[PDB]
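Asker: Dropping in my_file.tsv, which is TSV, C-alpha atoms and all ligand atoms:
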chain	number	residue	atom	x	y	z
A	6	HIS	CA	-36.02	-14.91	-11.95
A	7	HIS	CA	-32.80	-16.80	-11.17
A	8	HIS	CA	-32.26	-18.07	-7.61
A	9	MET	CA	-29.27	-16.64	-5.71
A	10	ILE	CA	-28.00	-18.30	-2.54
A	11	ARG	CA	-28.25	-15.95	0.44
A	12	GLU	CA	-24.95	-14.42	1.53
A	13	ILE	CA	-23.75	-14.63	5.11
A	14	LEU	CA	-23.19	-11.30	6.82
A	15	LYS	CA	-19.72	-10.83	8.31
A	16	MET	CA	-18.87	-9.52	11.76
A	17	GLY	CA	-18.83	-5.75	11.64
A	18	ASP	CA	-22.25	-5.59	10.05
A	19	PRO	CA	-24.49	-3.88	12.63
A	20	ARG	CA	-27.37	-6.22	11.81
A	21	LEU	CA	-25.54	-9.01	13.65
A	22	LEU	CA	-25.74	-6.98	16.90
A	23	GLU	CA	-29.51	-6.50	16.83
A	24	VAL	CA	-32.01	-8.52	18.85
A	25	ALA	CA	-34.16	-10.61	16.53
A	26	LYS	CA	-37.93	-10.22	16.45
A	27	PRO	CA	-40.29	-13.12	17.17
A	28	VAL	CA	-42.06	-15.01	14.39
A	29	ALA	CA	-45.80	-14.34	14.65
A	30	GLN	CA	-47.18	-16.97	12.29
A	31	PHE	CA	-46.07	-20.48	11.46
A	32	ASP	CA	-46.45	-22.59	8.34
A	33	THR	CA	-46.55	-19.72	5.86
A	34	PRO	CA	-45.12	-20.11	2.33
A	35	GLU	CA	-42.62	-17.33	3.12
A	36	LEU	CA	-41.42	-19.10	6.26
A	37	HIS	CA	-40.90	-22.33	4.33
A	38	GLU	CA	-38.82	-20.37	1.80
A	39	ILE	CA	-36.72	-18.75	4.55
A	40	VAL	CA	-35.99	-22.15	6.06
A	41	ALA	CA	-35.03	-23.59	2.66
A	42	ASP	CA	-32.70	-20.64	2.02
A	43	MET	CA	-31.11	-21.03	5.46
A	44	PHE	CA	-30.38	-24.74	4.90
A	45	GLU	CA	-29.02	-23.98	1.43
A	46	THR	CA	-26.68	-21.31	2.83
A	47	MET	CA	-25.66	-23.41	5.83
A	48	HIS	CA	-24.92	-26.51	3.77
A	49	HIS	CA	-22.95	-24.67	1.10
A	50	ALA	CA	-20.64	-23.23	3.76
A	51	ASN	CA	-20.40	-26.47	5.79
A	52	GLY	CA	-22.06	-24.78	8.75
A	53	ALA	CA	-22.96	-26.54	11.97
A	54	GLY	CA	-25.87	-24.15	12.44
A	55	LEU	CA	-27.23	-20.87	11.16
A	56	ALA	CA	-29.34	-18.07	12.62
A	57	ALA	CA	-31.61	-15.94	10.44
A	58	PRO	CA	-29.88	-12.61	11.30
A	59	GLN	CA	-26.76	-14.04	9.68
A	60	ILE	CA	-28.51	-13.81	6.28
A	61	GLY	CA	-30.02	-10.42	7.07
A	62	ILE	CA	-33.38	-11.70	8.39
A	63	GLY	CA	-34.14	-10.19	11.79
A	64	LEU	CA	-36.25	-13.08	13.06
A	65	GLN	CA	-35.91	-15.66	15.86
A	66	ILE	CA	-35.16	-18.63	13.59
A	67	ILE	CA	-32.25	-21.00	14.03
A	68	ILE	CA	-31.31	-24.21	12.23
A	69	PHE	CA	-28.64	-26.74	13.08
A	70	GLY	CA	-27.66	-30.34	12.74
A	71	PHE	CA	-25.68	-32.74	10.51
A	72	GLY	CA	-24.45	-36.30	10.44
A	73	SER	CA	-20.83	-35.26	9.99
A	74	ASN	CA	-19.31	-31.83	9.44
A	75	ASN	CA	-15.86	-31.20	8.02
A	76	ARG	CA	-15.39	-27.78	9.67
A	77	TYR	CA	-15.92	-29.61	13.01
A	78	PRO	CA	-14.64	-33.15	12.36
A	79	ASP	CA	-14.69	-34.07	16.08
A	80	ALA	CA	-18.41	-33.24	16.43
A	81	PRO	CA	-20.85	-36.18	16.72
A	82	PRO	CA	-24.13	-36.26	14.76
A	83	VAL	CA	-26.52	-33.50	15.86
A	84	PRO	CA	-30.28	-33.76	15.13
A	85	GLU	CA	-31.35	-31.65	12.17
A	86	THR	CA	-33.62	-29.04	13.68
A	87	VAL	CA	-35.54	-25.87	12.88
A	88	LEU	CA	-36.08	-23.94	16.14
A	89	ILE	CA	-38.25	-20.82	16.10
A	90	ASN	CA	-38.81	-18.37	18.98
A	91	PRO	CA	-36.45	-20.37	21.20
A	92	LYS	CA	-36.42	-20.33	24.98
A	93	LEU	CA	-33.22	-21.64	26.57
A	94	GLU	CA	-32.45	-22.68	30.15
A	95	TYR	CA	-28.83	-22.88	31.21
A	96	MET	CA	-27.98	-25.66	33.71
A	97	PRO	CA	-25.18	-24.52	36.08
A	98	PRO	CA	-22.58	-25.23	37.21
A	99	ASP	CA	-20.91	-27.53	34.72
A	100	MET	CA	-19.11	-25.66	31.93
A	101	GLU	CA	-17.00	-26.98	29.04
A	102	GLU	CA	-14.44	-25.19	26.92
A	103	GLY	CA	-14.41	-25.90	23.21
A	104	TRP	CA	-13.14	-24.43	19.97
A	105	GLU	CA	-15.88	-22.55	18.08
A	106	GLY	CA	-16.06	-20.93	14.71
A	107	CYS	CA	-18.81	-19.03	12.98
A	108	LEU	CA	-19.73	-18.49	9.37
A	109	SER	CA	-19.93	-14.74	10.17
A	110	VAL	CA	-16.33	-14.87	11.42
A	111	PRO	CA	-14.77	-16.66	8.44
A	112	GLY	CA	-11.33	-18.18	8.86
A	113	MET	CA	-11.09	-18.12	12.66
A	114	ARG	CA	-11.60	-20.24	15.76
A	115	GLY	CA	-11.59	-19.42	19.46
A	116	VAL	CA	-12.09	-21.20	22.76
A	117	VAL	CA	-15.50	-20.51	24.37
A	118	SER	CA	-16.90	-21.76	27.67
A	119	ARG	CA	-20.45	-23.12	27.32
A	120	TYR	CA	-22.90	-24.89	29.55
A	121	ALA	CA	-22.46	-28.64	29.28
A	122	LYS	CA	-26.24	-28.98	29.31
A	123	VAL	CA	-29.17	-26.75	28.33
A	124	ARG	CA	-32.92	-27.09	27.97
A	125	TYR	CA	-34.44	-25.58	24.87
A	126	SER	CA	-37.98	-25.16	23.64
A	127	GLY	CA	-39.74	-23.43	20.78
A	128	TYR	CA	-41.52	-24.34	17.56
A	129	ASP	CA	-40.68	-25.90	14.23
A	130	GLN	CA	-41.65	-24.23	10.93
A	131	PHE	CA	-45.04	-26.00	11.00
A	132	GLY	CA	-45.86	-24.66	14.46
A	133	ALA	CA	-45.23	-27.89	16.36
A	134	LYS	CA	-43.74	-27.57	19.83
A	135	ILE	CA	-40.12	-28.64	20.48
A	136	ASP	CA	-38.85	-29.29	24.04
A	137	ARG	CA	-35.46	-30.94	24.57
A	138	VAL	CA	-32.48	-31.27	26.88
A	139	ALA	CA	-29.20	-31.12	25.00
A	140	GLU	CA	-25.61	-31.81	26.06
A	141	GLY	CA	-22.10	-31.55	24.66
A	142	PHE	CA	-21.74	-30.31	21.11
A	143	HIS	CA	-25.54	-30.29	20.56
A	144	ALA	CA	-25.85	-27.96	23.55
A	145	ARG	CA	-22.92	-25.87	22.28
A	146	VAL	CA	-24.44	-25.34	18.82
A	147	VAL	CA	-27.78	-24.35	20.34
A	148	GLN	CA	-26.10	-21.81	22.64
A	149	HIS	CA	-23.99	-20.45	19.77
A	150	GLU	CA	-26.99	-20.02	17.49
A	151	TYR	CA	-29.23	-18.65	20.23
A	152	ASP	CA	-26.57	-16.01	20.94
A	153	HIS	CA	-27.01	-14.76	17.35
A	154	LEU	CA	-30.67	-13.95	18.17
A	155	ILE	CA	-29.61	-11.68	21.04
A	156	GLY	CA	-26.87	-9.90	19.10
A	157	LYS	CA	-23.93	-11.90	20.48
A	158	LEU	CA	-21.04	-13.28	18.47
A	159	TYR	CA	-18.60	-15.75	20.00
A	160	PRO	CA	-15.60	-13.32	20.36
A	161	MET	CA	-17.85	-11.54	22.85
A	162	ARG	CA	-17.85	-14.75	24.93
A	163	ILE	CA	-14.09	-15.42	24.77
A	164	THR	CA	-12.16	-14.76	27.94
A	165	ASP	CA	-8.72	-16.02	26.89
A	166	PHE	CA	-7.58	-14.30	23.71
A	167	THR	CA	-4.40	-16.38	23.60
A	168	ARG	CA	-6.72	-19.08	22.26
A	169	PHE	CA	-8.21	-17.16	19.34
A	170	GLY	CA	-6.73	-17.18	15.85
A	171	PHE	CA	-6.85	-18.37	12.27
A	172	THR	CA	-8.15	-21.84	11.47
A	173	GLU	CA	-5.42	-22.51	8.95
A	174	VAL	CA	-2.78	-22.05	11.71
A	175	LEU	CA	-4.66	-23.57	14.63
A	176	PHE	CA	-6.08	-26.52	12.66
A	177	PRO	CA	-3.98	-27.07	9.54
A	178	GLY	CA	-5.26	-30.62	8.99
A	179	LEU	CA	-8.78	-29.31	8.63
B	6	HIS	CA	19.63	-19.79	-3.70
B	7	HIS	CA	16.79	-17.37	-4.46
B	8	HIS	CA	15.75	-14.90	-1.78
B	9	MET	CA	12.27	-15.51	-0.35
B	10	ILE	CA	10.40	-12.70	1.36
B	11	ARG	CA	9.71	-13.59	4.97
B	12	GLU	CA	6.09	-14.53	5.64
B	13	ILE	CA	4.08	-12.86	8.40
B	14	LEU	CA	2.93	-15.24	11.13
B	15	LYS	CA	-0.83	-15.21	11.72
B	16	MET	CA	-2.57	-15.07	15.08
B	17	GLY	CA	-2.87	-18.59	16.45
B	18	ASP	CA	0.84	-19.23	15.91
B	19	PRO	CA	2.28	-19.74	19.42
B	20	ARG	CA	5.42	-17.79	18.51
B	21	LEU	CA	3.36	-14.57	18.63
B	22	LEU	CA	2.61	-15.19	22.34
B	23	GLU	CA	6.25	-15.51	23.42
B	24	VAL	CA	8.24	-12.75	25.12
B	25	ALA	CA	11.05	-11.67	22.80
B	26	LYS	CA	14.69	-11.87	23.90
B	27	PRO	CA	16.94	-8.79	23.89
B	28	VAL	CA	19.44	-8.22	21.13
B	29	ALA	CA	22.90	-8.75	22.63
B	30	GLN	CA	25.18	-7.52	19.84
B	31	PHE	CA	24.58	-4.51	17.62
B	32	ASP	CA	25.81	-3.72	14.14
B	33	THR	CA	26.28	-7.33	13.04
B	34	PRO	CA	25.75	-8.66	9.50
B	35	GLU	CA	22.96	-10.87	10.89
B	36	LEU	CA	21.17	-7.88	12.45
B	37	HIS	CA	21.42	-5.83	9.27
B	38	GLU	CA	19.90	-8.75	7.37
B	39	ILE	CA	17.02	-9.11	9.86
B	40	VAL	CA	16.26	-5.40	9.57
B	41	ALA	CA	16.35	-5.60	5.75
B	42	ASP	CA	13.98	-8.56	5.75
B	43	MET	CA	11.61	-6.80	8.16
B	44	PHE	CA	11.40	-3.70	5.96
B	45	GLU	CA	10.90	-5.87	2.89
B	46	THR	CA	8.05	-7.78	4.53
B	47	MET	CA	6.46	-4.66	6.06
B	48	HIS	CA	6.53	-2.63	2.85
B	49	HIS	CA	5.16	-5.41	0.68
B	50	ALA	CA	2.19	-5.76	3.04
B	51	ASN	CA	1.58	-2.00	3.54
B	52	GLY	CA	2.43	-2.33	7.21
B	53	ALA	CA	2.54	0.62	9.56
B	54	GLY	CA	5.13	-1.27	11.62
B	55	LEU	CA	6.47	-4.74	12.19
B	56	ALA	CA	8.01	-6.65	15.11
B	57	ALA	CA	10.59	-9.38	14.65
B	58	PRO	CA	8.41	-12.12	16.25
B	59	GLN	CA	5.95	-11.62	13.41
B	60	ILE	CA	8.51	-13.07	10.98
B	61	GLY	CA	9.53	-15.83	13.37
B	62	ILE	CA	12.51	-14.07	15.02
B	63	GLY	CA	12.23	-13.97	18.81
B	64	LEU	CA	14.14	-10.72	19.31
B	65	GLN	CA	13.28	-7.26	20.64
B	66	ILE	CA	13.31	-5.46	17.28
B	67	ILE	CA	10.53	-3.22	15.99
B	68	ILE	CA	10.34	-1.06	12.87
B	69	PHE	CA	7.71	1.51	11.98
B	70	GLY	CA	6.98	4.65	10.03
B	71	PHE	CA	5.98	5.95	6.60
B	72	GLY	CA	5.08	9.15	4.81
B	73	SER	CA	1.66	7.74	4.02
B	74	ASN	CA	0.06	4.35	4.57
B	75	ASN	CA	-2.86	2.96	2.61
B	76	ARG	CA	-4.07	0.58	5.33
B	77	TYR	CA	-4.30	3.58	7.72
B	78	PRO	CA	-5.03	6.39	5.25
B	79	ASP	CA	-5.94	8.88	8.00
B	80	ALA	CA	-2.60	8.39	9.75
B	81	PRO	CA	-0.12	11.30	9.54
B	82	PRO	CA	3.54	10.72	8.64
B	83	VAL	CA	5.43	8.71	11.29
B	84	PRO	CA	9.26	8.84	11.31
B	85	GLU	CA	10.80	5.70	9.84
B	86	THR	CA	12.50	4.04	12.79
B	87	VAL	CA	14.37	0.90	13.81
B	88	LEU	CA	14.00	0.47	17.58
B	89	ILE	CA	15.86	-2.33	19.34
B	90	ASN	CA	15.47	-3.39	22.99
B	91	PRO	CA	12.76	-0.75	23.50
B	92	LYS	CA	11.90	0.71	26.88
B	93	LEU	CA	8.48	2.37	26.94
B	94	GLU	CA	6.97	4.71	29.49
B	95	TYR	CA	3.22	5.08	29.46
B	96	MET	CA	1.90	8.54	30.39
B	97	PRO	CA	-1.45	8.37	32.25
B	98	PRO	CA	-4.18	9.40	32.32
B	99	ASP	CA	-5.00	10.55	28.78
B	100	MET	CA	-6.19	7.68	26.60
B	101	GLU	CA	-7.37	7.64	23.01
B	102	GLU	CA	-9.46	5.07	21.15
B	103	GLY	CA	-8.74	4.25	17.53
B	104	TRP	CA	-9.31	1.57	14.94
B	105	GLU	CA	-6.35	-0.84	14.78
B	106	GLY	CA	-5.41	-3.64	12.50
B	107	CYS	CA	-2.44	-5.95	12.39
B	108	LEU	CA	-0.61	-7.76	9.64
B	109	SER	CA	-0.86	-10.89	11.85
B	110	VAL	CA	-4.65	-10.45	11.93
B	111	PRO	CA	-5.36	-9.96	8.22
B	112	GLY	CA	-8.72	-8.58	7.20
B	113	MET	CA	-9.91	-7.16	10.52
B	114	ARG	CA	-10.04	-3.96	12.54
B	115	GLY	CA	-11.01	-3.28	16.15
B	116	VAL	CA	-11.18	-0.28	18.47
B	117	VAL	CA	-8.30	-0.19	20.96
B	118	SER	CA	-7.63	2.28	23.77
B	119	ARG	CA	-3.98	3.45	23.86
B	120	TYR	CA	-2.01	6.04	25.79
B	121	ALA	CA	-2.20	9.37	23.97
B	122	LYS	CA	1.48	9.87	24.79
B	123	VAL	CA	4.43	7.59	25.50
B	124	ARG	CA	8.17	7.95	25.95
B	125	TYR	CA	10.32	5.39	24.20
B	126	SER	CA	14.02	4.70	24.14
B	127	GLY	CA	16.30	2.02	22.80
B	128	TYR	CA	18.90	1.58	20.11
B	129	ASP	CA	19.08	1.56	16.34
B	130	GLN	CA	20.74	-1.33	14.45
B	131	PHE	CA	24.11	0.44	14.63
B	132	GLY	CA	23.85	0.68	18.42
B	133	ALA	CA	23.09	4.41	18.59
B	134	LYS	CA	20.69	5.57	21.31
B	135	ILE	CA	17.11	6.65	20.51
B	136	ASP	CA	15.00	8.60	23.03
B	137	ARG	CA	11.69	10.23	22.03
B	138	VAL	CA	8.27	11.30	23.22
B	139	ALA	CA	5.49	10.32	20.82
B	140	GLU	CA	1.79	11.29	20.63
B	141	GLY	CA	-1.29	10.17	18.73
B	142	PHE	CA	-0.84	7.66	15.92
B	143	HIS	CA	2.96	7.66	16.35
B	144	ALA	CA	2.44	6.66	19.99
B	145	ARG	CA	-0.23	4.13	18.91
B	146	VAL	CA	1.98	2.27	16.45
B	147	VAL	CA	4.86	2.17	18.97
B	148	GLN	CA	2.52	0.68	21.60
B	149	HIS	CA	1.11	-1.79	19.06
B	150	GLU	CA	4.55	-3.03	17.93
B	151	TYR	CA	5.93	-3.07	21.47
B	152	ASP	CA	2.99	-5.31	22.46
B	153	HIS	CA	4.25	-7.86	19.93
B	154	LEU	CA	7.49	-8.14	21.94
B	155	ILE	CA	5.60	-9.09	25.10
B	156	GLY	CA	3.27	-11.59	23.43
B	157	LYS	CA	0.24	-9.32	23.05
B	158	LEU	CA	-1.96	-8.87	20.01
B	159	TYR	CA	-4.57	-6.16	19.83
B	160	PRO	CA	-7.71	-8.36	20.35
B	161	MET	CA	-6.26	-8.93	23.84
B	162	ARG	CA	-6.58	-5.17	24.42
B	163	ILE	CA	-10.12	-4.72	23.04
B	164	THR	CA	-12.85	-4.11	25.60
B	165	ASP	CA	-15.80	-3.43	23.27
B	166	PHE	CA	-16.34	-6.41	20.98
B	167	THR	CA	-19.20	-4.66	19.24
B	168	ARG	CA	-16.40	-2.68	17.54
B	169	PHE	CA	-14.36	-5.56	16.12
B	170	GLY	CA	-14.93	-6.98	12.67
B	171	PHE	CA	-13.87	-7.31	9.06
B	172	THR	CA	-12.23	-4.38	7.32
B	173	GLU	CA	-14.26	-4.90	4.15
B	174	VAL	CA	-17.49	-4.39	6.14
B	175	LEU	CA	-16.30	-1.67	8.50
B	176	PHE	CA	-14.34	0.33	5.90
B	177	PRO	CA	-15.59	-0.57	2.41
B	178	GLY	CA	-13.52	2.05	0.56
B	179	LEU	CA	-10.18	0.64	1.80
C	201	FE	FE	-22.22	-18.13	14.42
C	202	FE	FE	0.46	-6.12	14.82
Starting from the file, lay out its structure as structure tokens.

Answerer:
Amino acid sequence: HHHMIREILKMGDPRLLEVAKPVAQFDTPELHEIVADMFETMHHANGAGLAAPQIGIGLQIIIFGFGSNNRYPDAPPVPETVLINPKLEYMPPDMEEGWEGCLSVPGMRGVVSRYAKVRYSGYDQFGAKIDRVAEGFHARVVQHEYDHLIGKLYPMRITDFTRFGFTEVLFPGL
Amino acid sequence: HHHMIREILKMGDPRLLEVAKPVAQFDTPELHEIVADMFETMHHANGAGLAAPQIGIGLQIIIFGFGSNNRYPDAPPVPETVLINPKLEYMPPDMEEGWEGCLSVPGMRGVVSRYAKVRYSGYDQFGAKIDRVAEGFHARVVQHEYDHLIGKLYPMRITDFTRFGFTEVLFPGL
């Protein structure tokens, strides 16, 4: 055996449009391996977050968080988190527009409106409960990764396609 | 003073969102050079068509046509055409969906609804009048290149973002 980093599926793959299945058991060796592979893939690609369907695993698992990120240099530190079987609550009415990218949409960015604040709950990989209120970029990452679990990619959320394009044109300094 | 092929602007460049100005004088040395550069750029990139704003020239000039095209291998021959100051007439109600790409959106395809038939008129680079009715892929490429003159790129026309993604995933053989 030689370890191979897991590849990220690109938009157009029908697996990214499926609705992920819940994780039935926590703290299994296999789940610890999945989480390790997700962090390895996310870190190698300078991701802000990653959802398991993006590496072909149809499960409700998301990871996110960094101290600094050079694909999103304006983003503040976000707590490193493993969030399994998430439940989100959106807090209307305050929305914020922001530029988003996605490792499954390589080379692009677009403006997406997100809730300024969300509640999220779920479980870590050991089965411990998580229950938080998030705002700003933290809230944006959680919404973006949650969307992957319900088959949504951020171009589906864009309303203004004059603000969608290639990162090297939109953000040359990056 | 070596000739440099003109580069194709990528989506995100604000020049692609502008509304192109009409050509005021036909049959000038400058116009013949623009047309030559457009064909050079289009052919090198296997384009089905090209609009002057895509090479940074804010003028109402489109070119299109080929015997065969390897980015759209199912497309039939389309008459090679230079169309300046185009006037299009859309013919409702018959619409057709088809997979479109764009040299300004490298690496992607998406399903776009177009009129099955259009009328188009305008002038060639010598100032002679052109007036045709086009159907199918011929009508599709004329609509696609005309859109470039009014600041529209095909993701602005997509309504089903489950059918938008990377060419290498959607069409592996290409
Ligand atoms: Fe994503
Ligand atoms: Fe185009």

Asker: Write out chain A, as a short mmCIF file (atom, residue, chain, number, x, y, z; two decimals) with C-alpha atoms, keeping the file's coordinate frame, after superposing it onto chain B by least squares using every C-alpha atom paired in order.

Answerer:
data_model
loop_
_atom_site.label_atom_id
_atom_site.label_comp_id
_atom_site.auth_asym_id
_atom_site.auth_seq_id
_atom_site.Cartn_x
_atom_site.Cartn_y
_atom_site.Cartn_z
CA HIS A 6 20.17 -19.21 -3.53
CA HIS A 7 17.00 -17.28 -4.41
CA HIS A 8 15.69 -14.71 -1.92
CA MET A 9 12.23 -15.35 -0.44
CA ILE A 10 10.34 -12.60 1.37
CA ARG A 11 9.67 -13.54 5.00
CA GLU A 12 6.11 -14.62 5.72
CA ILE A 13 4.08 -13.03 8.49
CA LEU A 14 2.87 -15.40 11.18
CA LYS A 15 -0.88 -15.35 11.79
CA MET A 16 -2.65 -15.19 15.14
CA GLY A 17 -2.93 -18.69 16.52
CA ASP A 18 0.76 -19.36 16.06
CA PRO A 19 2.16 -19.80 19.58
CA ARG A 20 5.31 -17.89 18.66
CA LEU A 21 3.29 -14.66 18.71
CA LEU A 22 2.53 -15.20 22.43
CA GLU A 23 6.16 -15.54 23.52
CA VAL A 24 8.22 -12.79 25.13
CA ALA A 25 11.02 -11.73 22.81
CA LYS A 26 14.66 -11.99 23.85
CA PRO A 27 16.97 -8.97 23.94
CA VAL A 28 19.50 -8.29 21.19
CA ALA A 29 23.00 -8.67 22.64
CA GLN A 30 25.11 -7.17 19.86
CA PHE A 31 24.49 -4.33 17.45
CA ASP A 32 25.78 -3.65 13.96
CA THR A 33 26.29 -7.27 12.94
CA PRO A 34 25.81 -8.38 9.31
CA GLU A 35 23.00 -10.69 10.47
CA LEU A 36 21.19 -7.85 12.23
CA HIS A 37 21.39 -5.69 9.11
CA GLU A 38 19.87 -8.58 7.13
CA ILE A 39 17.04 -9.03 9.66
CA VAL A 40 16.21 -5.34 9.45
CA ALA A 41 16.22 -5.42 5.64
CA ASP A 42 13.92 -8.46 5.66
CA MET A 43 11.56 -6.77 8.13
CA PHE A 44 11.26 -3.63 5.97
CA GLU A 45 10.75 -5.77 2.87
CA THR A 46 7.95 -7.73 4.57
CA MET A 47 6.37 -4.64 6.11
CA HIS A 48 6.39 -2.66 2.88
CA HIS A 49 5.02 -5.49 0.75
CA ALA A 50 2.02 -5.81 3.08
CA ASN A 51 1.52 -2.04 3.52
CA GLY A 52 2.27 -2.34 7.22
CA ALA A 53 2.47 0.60 9.59
CA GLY A 54 4.99 -1.29 11.70
CA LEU A 55 6.39 -4.76 12.22
CA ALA A 56 7.87 -6.66 15.16
CA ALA A 57 10.45 -9.40 14.67
CA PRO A 58 8.32 -12.16 16.31
CA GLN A 59 5.81 -11.62 13.52
CA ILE A 60 8.33 -13.14 11.06
CA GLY A 61 9.35 -15.87 13.49
CA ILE A 62 12.36 -14.05 15.00
CA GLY A 63 12.14 -14.03 18.79
CA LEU A 64 14.08 -10.80 19.30
CA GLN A 65 13.24 -7.32 20.65
CA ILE A 66 13.29 -5.55 17.28
CA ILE A 67 10.54 -3.31 15.98
CA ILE A 68 10.31 -1.13 12.88
CA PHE A 69 7.70 1.43 11.94
CA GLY A 70 7.09 4.55 9.95
CA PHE A 71 5.91 5.78 6.53
CA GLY A 72 4.99 8.96 4.74
CA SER A 73 1.53 7.70 3.83
CA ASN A 74 -0.05 4.29 4.32
CA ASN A 75 -3.08 3.02 2.44
CA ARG A 76 -4.19 0.54 5.14
CA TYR A 77 -4.37 3.58 7.49
CA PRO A 78 -5.19 6.51 5.18
CA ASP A 79 -6.00 8.85 8.10
CA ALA A 80 -2.55 8.37 9.69
CA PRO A 81 -0.05 11.26 9.40
CA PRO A 82 3.61 10.66 8.48
CA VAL A 83 5.45 8.66 11.16
CA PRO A 84 9.28 8.74 11.37
CA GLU A 85 10.90 5.65 9.87
CA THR A 86 12.53 3.95 12.82
CA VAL A 87 14.35 0.80 13.87
CA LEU A 88 13.93 0.37 17.65
CA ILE A 89 15.81 -2.43 19.41
CA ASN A 90 15.47 -3.49 23.06
CA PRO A 91 12.78 -0.85 23.62
CA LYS A 92 11.81 0.64 26.96
CA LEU A 93 8.42 2.37 27.02
CA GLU A 94 6.87 4.73 29.57
CA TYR A 95 3.12 5.22 29.50
CA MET A 96 1.88 8.73 30.38
CA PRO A 97 -1.49 8.55 32.21
CA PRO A 98 -4.23 9.56 32.26
CA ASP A 99 -5.07 10.60 28.72
CA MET A 100 -6.25 7.71 26.55
CA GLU A 101 -7.48 7.67 22.94
CA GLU A 102 -9.56 5.09 21.13
CA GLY A 103 -8.62 4.25 17.57
CA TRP A 104 -9.15 1.55 14.97
CA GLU A 105 -6.17 -0.83 14.76
CA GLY A 106 -5.28 -3.67 12.48
CA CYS A 107 -2.33 -6.00 12.41
CA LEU A 108 -0.59 -7.92 9.68
CA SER A 109 -0.86 -11.02 11.93
CA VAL A 110 -4.64 -10.52 12.06
CA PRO A 111 -5.28 -10.14 8.32
CA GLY A 112 -8.60 -8.71 7.21
CA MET A 113 -9.77 -7.24 10.52
CA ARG A 114 -9.90 -4.03 12.54
CA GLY A 115 -10.88 -3.29 16.12
CA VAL A 116 -11.08 -0.32 18.45
CA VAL A 117 -8.24 -0.18 21.01
CA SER A 118 -7.61 2.34 23.78
CA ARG A 119 -4.00 3.57 23.84
CA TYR A 120 -2.05 6.18 25.72
CA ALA A 121 -2.14 9.48 23.88
CA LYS A 122 1.53 9.94 24.73
CA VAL A 123 4.44 7.61 25.51
CA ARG A 124 8.18 7.90 26.01
CA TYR A 125 10.30 5.33 24.27
CA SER A 126 14.00 4.57 24.25
CA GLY A 127 16.28 1.90 22.87
CA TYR A 128 18.86 1.50 20.13
CA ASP A 129 18.99 1.55 16.36
CA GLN A 130 20.62 -1.27 14.36
CA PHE A 131 24.01 0.49 14.58
CA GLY A 132 23.85 0.69 18.37
CA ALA A 133 23.00 4.39 18.60
CA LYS A 134 20.68 5.44 21.41
CA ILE A 135 17.10 6.56 20.63
CA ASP A 136 15.04 8.54 23.18
CA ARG A 137 11.75 10.14 22.13
CA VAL A 138 8.32 11.27 23.27
CA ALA A 139 5.61 10.26 20.84
CA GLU A 140 1.93 11.19 20.58
CA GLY A 141 -1.14 10.27 18.56
CA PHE A 142 -0.70 7.69 15.83
CA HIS A 143 3.11 7.58 16.32
CA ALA A 144 2.50 6.67 19.97
CA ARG A 145 -0.17 4.14 18.93
CA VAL A 146 2.12 2.32 16.48
CA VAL A 147 4.90 2.14 19.07
CA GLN A 148 2.53 0.69 21.68
CA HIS A 149 1.10 -1.79 19.15
CA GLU A 150 4.53 -2.99 18.08
CA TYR A 151 5.92 -3.06 21.61
CA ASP A 152 2.98 -5.29 22.61
CA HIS A 153 4.21 -7.86 20.05
CA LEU A 154 7.48 -8.14 22.03
CA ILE A 155 5.59 -9.10 25.19
CA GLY A 156 3.29 -11.60 23.49
CA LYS A 157 0.25 -9.32 23.16
CA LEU A 158 -1.94 -8.97 20.11
CA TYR A 159 -4.50 -6.18 19.85
CA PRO A 160 -7.67 -8.37 20.37
CA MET A 161 -6.23 -8.91 23.84
CA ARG A 162 -6.52 -5.14 24.40
CA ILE A 163 -10.06 -4.72 23.03
CA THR A 164 -12.76 -4.12 25.60
CA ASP A 165 -15.73 -3.51 23.29
CA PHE A 166 -16.17 -6.40 20.88
CA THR A 167 -19.07 -4.66 19.15
CA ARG A 168 -16.30 -2.64 17.48
CA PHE A 169 -14.28 -5.52 16.06
CA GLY A 170 -14.84 -6.96 12.59
CA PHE A 171 -13.76 -7.32 9.00
CA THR A 172 -12.05 -4.42 7.24
CA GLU A 173 -14.02 -4.92 4.06
CA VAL A 174 -17.29 -4.32 6.00
CA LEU A 175 -16.08 -1.69 8.45
CA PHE A 176 -14.01 0.27 5.90
CA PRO A 177 -15.23 -0.56 2.40
CA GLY A 178 -13.60 2.51 0.82
CA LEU A 179 -10.21 1.29 1.93
#

Asker: Here is a test: counting only C-alpha atoms, which residue of B:20, B:142, B:10, B:33 is nearest to chain A?

Answerer: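 Answer, going by the shortest atom-to-atom distance: B:20.
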
Asker: Please identify all polymer residues lying at most 9 Å from the point (20.0, -7.6, 20.2) (file coordinates), using all atoms listed in the file, and present the result as a ChimeraX atom specification.

Answerer: /B:26-31,36,64-66,89-90,130

Asker: Given 8 Å on each side, where is the centre and what are the edge lengths in Å to one decimal of the axis-aligned box enclosing the listed atoms of range 101-108 of chain A, as AutoDock Vina command-line options?

Answerer:
--center_x -16.4 --center_y -22.7 --center_z 19.2 --size_x 22.6 --size_y 24.5 --size_z 35.7

Asker: Please, which residues of chain A lie no more than 6 Å from chain B when the count uses all atoms listed in the file, and can they be set out as a JSON list (two decimals) with C-alpha atoms, in the frame of the given file?

Answerer:
[["chain", "number", "residue", "atom", "x", "y", "z"],
["A", 16, "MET", "CA", -18.87, -9.52, 11.76],
["A", 17, "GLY", "CA", -18.83, -5.75, 11.64],
["A", 161, "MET", "CA", -17.85, -11.54, 22.85],
["A", 166, "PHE", "CA", -7.58, -14.30, 23.71],
["A", 170, "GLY", "CA", -6.73, -17.18, 15.85],
["A", 171, "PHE", "CA", -6.85, -18.37, 12.27],
["A", 174, "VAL", "CA", -2.78, -22.05, 11.71],
["A", 175, "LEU", "CA", -4.66, -23.57, 14.63]]
